[PDB]
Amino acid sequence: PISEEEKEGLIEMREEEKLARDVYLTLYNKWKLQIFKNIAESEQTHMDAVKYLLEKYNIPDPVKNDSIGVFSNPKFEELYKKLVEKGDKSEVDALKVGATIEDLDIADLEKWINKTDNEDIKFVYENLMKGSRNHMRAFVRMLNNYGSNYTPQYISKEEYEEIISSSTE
């Protein structure tokens, strides 16, 4: 059976995937870099994956309004606003924000992964995490094309180096 702590996790990650989807849709509409469109689609997939677990356990969905920018947990509302403002400044700032979101997601997925023994919850979280590593590699390579790079904020320097020095999974 699912624990209250495990429920709290799925609730947070349901909106964390939405944060990434929403920022990326917003930055695509701004800068029309295909990367944002492509990855926003992948985030929609991830949102769906978490929703399927929510439904499986009949947990109330925090997403009561699918509209871009709308969140139940204000942690994500504040992150949405701060990150779109940053990302509006330049193509490089928007790509840095992509890398930032993925950085936070990988750190948060690690957090929740380490609090559960449920194999169906782990498979989804591991798959989400593999996705976020792929996204991080894609955003950084793009920052490289602009003559830029990324400094990690949430995961360790060492984890960041392992991600970017390997090819996409």
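One-based numbering along the sequence shown.
Novice: Comparing 63-71 with 114-122, which has the greater mean CA B-factor as deposited?
Specialist: Comparing 63-71 with 114-122, the higher average CA B-factor belongs to 114-122.
Novice: Return whichever of 160-168 and 3-11 has the greater mean Cα B factor according to the PDB record.
Specialist: Looking at the recorded C-alpha B-factors, 160-168 comes out higher on average.
Novice: If I read the C-alpha B-factors straight from the PDB entry, which of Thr100, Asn134, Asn127, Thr26 is highest?
Specialist: In the PDB entry, the greatest C-alpha B-factor among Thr100, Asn134, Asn127, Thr26 is found at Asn127.
Novice: Based on the entry's values, in what third of the chain does the Cα temperature factor of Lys32 lie: lowest, middle or highest?
Specialist: For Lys32, the deposited C-alpha B-factor lands in the highest third.
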